[PDB]
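A.B. asks:
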Amino acid sequence: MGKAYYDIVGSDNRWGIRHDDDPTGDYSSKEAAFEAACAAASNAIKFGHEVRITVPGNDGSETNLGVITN
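So the sequence shown is numbered by the numbering used here: it starts at -3 and just counts up by one.
Here's what the structure looks like:
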């Protein structure tokens, strides 16, 4: 029903995943996002890239629950 889009940041020094709490609608494909995200994540940990996990969920009371991931 919703759209599981994760906003990924690409940096060999600062790698981070942001859960798009506000459905932007900009994504090439669901698999493309996960595929690239996990692929980049592997490289990140592999090279010692800092890992930042920012995925708001049920804790986002102010953002009227920015979940919509289904």
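Virtual Cβ for every residue (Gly too), placed ideally from N, Cα, C.
Going by beta-carbon coordinates alone, are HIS15 and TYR2 separated by less than 8 Å?
C.D. replies: Yes, the pair counts as a contact, with Cβ atoms nearer than the cut-off.
A.B. asks: Report the three-state DSSP secondary structure of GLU31 (helix, strand or coil).
C.D. replies: Of the three classes helix, strand and coil, the one that applies to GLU31 here is helix, per DSSP.
A.B. asks: Which term fits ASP17, buried or exposed, when burial requires 16 or more other beta carbons within 10 angstroms of its beta carbon?
C.D. replies: By the 10 Å Cβ count, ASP17 comes out buried.
A.B. asks: Helix, strand or coil for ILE4, going by three-state DSSP, please let me know.
C.D. replies: The answer is strand: DSSP assigns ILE4 an E or B state.
A.B. asks: Can you list, in chain order, the residues of its chain with a C-beta nearer than 7 Å to that of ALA40? Leave out the 5 residues immediately preceding and following it.
C.D. replies: Result list for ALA40: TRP11, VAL47, in chain order.
A.B. asks: Starting from the Cα of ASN9, find the closest Cα among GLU27, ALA36, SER25, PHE30 and give me that residue.
C.D. replies: Answer by Cα proximity: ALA36.
A.B. asks: Does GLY62 pass the burial test, meaning 16 or more other C-beta atoms within 10 Å, or should it be called exposed?
C.D. replies: So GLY62 ends up on the buried side.
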